[PDB]
Structure formats: structure tokens, C-alpha cells
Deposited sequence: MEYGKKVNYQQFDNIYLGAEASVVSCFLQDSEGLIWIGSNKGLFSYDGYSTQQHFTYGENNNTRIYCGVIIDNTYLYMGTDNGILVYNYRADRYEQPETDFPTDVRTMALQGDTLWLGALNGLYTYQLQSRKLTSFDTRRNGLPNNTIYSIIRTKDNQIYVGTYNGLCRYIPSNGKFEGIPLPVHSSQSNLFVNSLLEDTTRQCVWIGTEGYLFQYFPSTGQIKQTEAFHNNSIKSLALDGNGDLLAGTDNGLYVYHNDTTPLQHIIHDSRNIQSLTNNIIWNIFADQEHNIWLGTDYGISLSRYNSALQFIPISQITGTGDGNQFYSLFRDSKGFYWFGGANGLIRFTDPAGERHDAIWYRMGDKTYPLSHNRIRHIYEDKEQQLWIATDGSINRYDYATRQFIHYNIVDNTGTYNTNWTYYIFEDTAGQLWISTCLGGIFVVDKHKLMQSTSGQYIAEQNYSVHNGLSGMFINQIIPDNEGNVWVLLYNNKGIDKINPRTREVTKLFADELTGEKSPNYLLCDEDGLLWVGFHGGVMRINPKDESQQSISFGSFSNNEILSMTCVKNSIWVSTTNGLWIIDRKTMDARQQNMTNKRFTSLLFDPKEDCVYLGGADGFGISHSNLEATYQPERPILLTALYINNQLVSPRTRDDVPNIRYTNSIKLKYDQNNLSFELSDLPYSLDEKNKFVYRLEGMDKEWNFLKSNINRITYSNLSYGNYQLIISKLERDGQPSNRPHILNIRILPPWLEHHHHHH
């Protein structure tokens, strides 16, 4: 909170009382002169000088995913942000609305002269008062609904909570202070982690615990007023006051106190913080008595399973894989998910699981996913091995035994250069098997060509990974054992190596081959590089290894604690949130890395990975004047338009674009072109998001805008606007309403 990006709406509209973010990410601003929006580049107004909508906004709520309800001196402005029109219902709203809170489909309204509910379907307006309902006072400043569906109402003289059964209100007994002749309750905030409601009053910050009724005084800010409360991305409590911002973490950590410095343009813009809003990306918006301070939240992007197929089922990911046809395969404890596009919208994921009607698996617990020499997809599971059939979209199951030990608990699979499948197990040792004959087999159970076991050379039969050498040798990772077994399949010679070094606590639990033929062995606090019989080790100092994968010249090592990145040639080690990741995948083509964990996965670069954001048109200008449905009947809301038809003399057009870059230090770069006029891409400077065209002839055009990709190439998913300029004779075809 050391630096802020400060934002101003003009000299008239210096006071900001609230923020809303619509479900598509655009930020809305309630100022002392009316509503604005801010697209990350410039502000826009949505009122006309002189009109009833040119007025102080005190609060707002989004209704029906298409209306902004805003509290005003005169009642409630209802702004339809999709149509871009004020759409007043017939309702006689109470004047002076200062606070609002949705409960199901009833909107609670807190005003200077009363408390109300507004049922949204029937338009039924119900009033609540001191004399009938036992409210402590009629002037309302703050109303919230908690997760367990209780209503808290802060007033000019005290805090209470609604009692649905009898329609009355129960006081919460905040302390009465000799310095005050009434008990202002300015702000209320539910905190689900701390299990409290935070209460801001003049001079005192309280936590109310509904579990016990305890009212804890957490802070006293002498002679200061608490105006607003939010929780940031770390879950710290942010308190906006008349003397800057306070940040609370816990009882033993001192508050941060953040204030305006008149000689420093990057400081909090003003000390009087009327409102604080945490946006969908955890950016903190501070609304003040003089403009806005934005504090950007920065990074790894983490993606919950439910965003891929939702479905709120969980999964702990132990294997992540991308096939040569480009499907993602993410599995572990609870099944396998096939999907496309990790950081897109579409995904069309399929979940293969035990007991599914449509997509079954012999067992939920996936241990390995592998693509063979003929691009056939193999999985290892605790219900044996399976092979995918892409045409049927279903798995084919194989039972395997040796010539006498079996394959039910399979750990690892690979294909050798003679068309044999190598399979490691949790009891039956290692099986080696004719791939085509297994595939061609028709016997449900299948006798193995070969098997390695403790009877013929292995140390134990509890073995995880098996990895081929460049010179045909098979290196086996041994469970609860010392050293690593090594197999020459040419003369069946198994030998136990590095028992000297990899014993006791140096017991190995992970093993991989890099692109240069070097093995990396992970053990308790340290990794060790090998030439298959040379090389040695290193350690993590002041515990254990979950996953390792190669990333270029680096090997990434996921641990209980966090990540270690090692350079492959020197063996230099460097440590990098506190998430533990049980799975790692490097995607060379997209040049990112997937980090698989509990009920989700992260994505990061091989510099903080940026999620893909669609491109919006935020403003249309005709002959140099901004135009929208709010002011013109003959022009649509450009944000929600794919094709526009214009009159013949509406041929001087400007466009503003944005991908809503609120979180970003540096803006993305863009390219544009107008099909029907331009023959190539035009490049924009990153600070310029305006596109302009003059004196267009009649006919059809396509405006095409793309984000420049970080390799320099325009994206192939542009935003496209169809534009027809009508001749004089066809004028009556112009946009209308």
C-alpha cells in the first residue's frame, strides 16, 4: 500500500461515495454529480448537466444483472447499463436513500427518514419504524445481509438486527460513550474468515461475534470517524476514516496507517475515505473526498476445478498432461478430466470417474498419464491400465498377469523402442508386454511376455517410476529402499546402484530423465543429478518433494514448503503463495507451466502470468461527439453491439477499446484495421486506446481489433464490429430505439 494509481473525474465530481463492478468486469463510480464508468483508460459520465440524474449518488446495488439501483437525495435512480437508459419503475421510492442491501429478491433500503423493504417482483414497499418495530432510530446509514441470512442495520443511534418471526429488531448493545450524544454506526462488514461483523463508529472499531454475542473493541482511533470497511486479498481488514487508511492483520501485528502526502503524486489521493471496494481481481478501490486511489493487486493465476466443469466436485491433481492432439488431461485422486483451453471460457471438459453412467473408469485414483510412440494415450490407475479410444471417447481396460502377481495397482507406464509396454506396480513388480498383442487381445485377462520381481533381481516390489535411458537401460525408483535399481533388458541384468549415497534419510522418492539423458533424483531435502554411473547431490538446508518437472535449462521442484528452481548444468538452487502443488506440467508450445494441487491448478510463466481478457468497445463517437442510447435514439450501446448501420453523414467515427486492464502495471498493446479500407494492421501506442476514421464512403466495413501476442503476432481471436454506412436513398434503414 505504498503506491496508488490516482483517478479523477473532473473538478465538479471530486467526491466518490461508492463503486460497483458489473458481472462482465466494468467498474462503475457513484460521484457527487452522478454516475461514471471507468474502463482502465478514461472515465465516462452517464448523466446530463441539469437533469434529475445529475445528482449526488450515495450507494448502489446491481439488480437482475442489468440495472444499477443508486441511492439519491430524491429516491432511487434506476440505470439499465445494457440498454444505457434510465428506466424508472412507477414506485414511489422514499427520498434520501443512503444504503441498500439485497436479501433474496427483497431490497432493503436505509434512508434518512426510514427503513424499508422493496419486493422486486410485486413492487411491494414496506416501512419499518421506531414506534412499531423497535428500531433504535429512523435514520439508517448501513445495512448488510450475512451468509446465514441475517440483516444488520446501523443507524444514527445504534445497531440492531432484524427478527423475521415477529417483524421486530433486536439491539446489539454497543458501548455508550460519554463523548457522544448519539451512537453513529457508519459502516458494517461481514468477515467469514474471522466469523464476525466489523462495525465502524465515531472513534471505535468493533467486532461482533454472533456465535457468542461478544462485542470486541479492536481499535480506538481518537477523534477519528470510521467511514468504510473492506477486506483485501490477503484477508486484512481495511478501515477508511477521515484520517486516511488503517490496515488490520491480527492482534499482535501493528496497524498500517496510510495517509496523503501533498508533495507526492503516488500517495493516497485524500485522507477522507468514504468507500473502499475490493474488485473481482482483489484490486482495492478507495473513494475519497478528492478522487480515487486504486491499489493494484498482483499475482500466480489460480483456477478452480469448477471453472473448468462446474460441477463443484473436487480432485487432488497428481498427473497433468497435454496430448499431441492438444487435449489437457488433469487427474489424481478423484478421476481424470479431459478439456481444452485452460485459461479460456469454453473448456468442454469431460470427467472420467468410477460409477459415472456416461464416462466410467475402473478406479478413480489416477497415477500416470502417457502418450505412446503411435500417439495412443495410456493411463495408470489403482484399477489397472487403460487405453483411450478417441473415436468412442471411452477408456478400454486391461487386466494383466505374469506367467504365474498382477497389474491392479499400476504406477507408471512407458513404451520402449521395440513396441513393448513397461509397467510398474505396487506388488507385481514390473511387467513388460507386447503392445499390439495386448491391444489386439481379446482375452480380458492377459499373460505377460516378461516380468521383473524380487524373485529375479529387484530389491522390493513396491516401485514407482520407471524411466528409460538413452542407451536402453531402465532405471527404477524404489519405495522405502536404498539406492536405485537398474535394468539391462538385453541380458535382464538388474543392478543396485548408489545404495552408498541414497540410503537412510537420503531415501529417494522421485526420479526423472531430462532432455539430455540426465536423471534427477529427489529425496528428503535435496535433489541429485546423475549420468547413467556418474555424478552427485545438493540440499535444501533448513521438508519433502511432491513433484519435479523440466523447464528448459531448469528443473522445477515442488515441495511441502514451496517451489525450488534448479539450473540443470551447475545445480544452483533458488526458492520462490504458500500453496502446495502435487503436480507440475511444462507446456512448451504455450510457454507456461501448470501447477496442480487441491481442487484447482495454477498457471505461470517459464514475471507474473496474465489471464486472457476479452476486448470491449467502450465508446462510440460520431463526428467527434460521444453518442449512446441515453442521448440518441439512433445509436446502440456499442459495448453490446456486433453490427451497426449508420446514416450517410455519420461517416466520421471514433472508437475506444479496452480489455479492462485494472490490475496491470503496463497496458497491453493492440492492432486494428478496417476491412473495406485498410490493407494491413495499424499499430497503437500502448497509452492510446482510441481508433478514428474520417469521411468513409458508403458500403460495408469490418472493424477488427487484436491484442498483440507476447511473441509480437496479432491474436487470431480479434473483436470484430460490422459497420454499414448507408447511402442517402436507404437512410430509413438506420438504427432505431
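Engineer: Deposited sequence versus model: which ranges have no CA atoms?
Structural biologist: Gaps vs deposited seq, in order: 1-8, 308, 414-415, 544-545, 556-558, 593-594, 625-627.
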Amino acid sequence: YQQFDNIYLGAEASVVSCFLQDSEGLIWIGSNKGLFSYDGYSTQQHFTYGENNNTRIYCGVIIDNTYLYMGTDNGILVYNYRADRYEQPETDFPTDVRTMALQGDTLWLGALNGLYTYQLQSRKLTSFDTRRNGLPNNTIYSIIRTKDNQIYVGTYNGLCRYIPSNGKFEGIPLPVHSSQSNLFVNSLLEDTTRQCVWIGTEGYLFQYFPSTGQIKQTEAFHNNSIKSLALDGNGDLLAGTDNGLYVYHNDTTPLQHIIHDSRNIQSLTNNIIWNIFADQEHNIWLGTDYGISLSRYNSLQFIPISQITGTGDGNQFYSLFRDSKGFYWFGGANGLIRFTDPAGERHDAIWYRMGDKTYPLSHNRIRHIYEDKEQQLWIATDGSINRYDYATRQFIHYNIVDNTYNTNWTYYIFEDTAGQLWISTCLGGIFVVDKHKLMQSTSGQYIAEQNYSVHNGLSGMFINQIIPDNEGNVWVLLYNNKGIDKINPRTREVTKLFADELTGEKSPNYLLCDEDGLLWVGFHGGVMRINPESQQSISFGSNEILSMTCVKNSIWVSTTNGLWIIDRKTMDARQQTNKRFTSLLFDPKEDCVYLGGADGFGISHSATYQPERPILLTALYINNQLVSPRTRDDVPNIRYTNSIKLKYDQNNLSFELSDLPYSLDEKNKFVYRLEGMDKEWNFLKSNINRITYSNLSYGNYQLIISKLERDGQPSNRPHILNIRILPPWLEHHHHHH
From here on, numbers count along this sequence of modelled residues.
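Engineer: Once you work out the mean C-alpha B-factor for both 483-491 and 317-325 from the entry, which is higher?
Structural biologist: Taking the mean B-factor of the alpha carbons in each, 483-491 is higher.
Engineer: Return whichever of 722-730 and 7-15 has the greater mean Cα B factor according to the PDB record.
Structural biologist: Between 7-15 and 722-730, it is 722-730 that shows the higher mean C-alpha B-factor.
Engineer: Looking at 164, 331, 254, 562, which has the biggest Cα B factor in the entry?
Structural biologist: Of the candidates given, the C-alpha B-factor peaks at 562.
Engineer: Can you tell me which of 266, 547, 217, 456 has the maximum CA B-factor listed in the PDB entry?
Structural biologist: That would be 456, according to the entry.
Engineer: Lowest, middle or highest third: where is residue 382 by Cα B-factor in its chain?
Structural biologist: For residue 382, the deposited C-alpha B-factor lands in the middle third.
Engineer: Using the B-factors in the PDB entry, rank residue 136's C-alpha atom against the chain and give the third, lowest, middle or highest.
Structural biologist: Residue 136: CA B-factor falls in the middle third of its chain.
Engineer: Based on the entry's values, in what third of the chain does the Cα temperature factor of residue 260 lie: lowest, middle or highest?
Structural biologist: Lowest third of the chain for residue 260's C-alpha B-factor.
Engineer: Could you look up the Cα B-factor of residue 690 in the entry and say which third of the chain it sits in: lowest, middle or highest?
Structural biologist: Middle third of the chain for residue 690's C-alpha B-factor.
Engineer: Using the temperature factors of the C-alpha atoms in this entry, rank residue 203 within its chain: lowest, middle or highest third.
Structural biologist: As the PDB entry reports it, the C-alpha B-factor of residue 203 lands in the lowest third of its chain.
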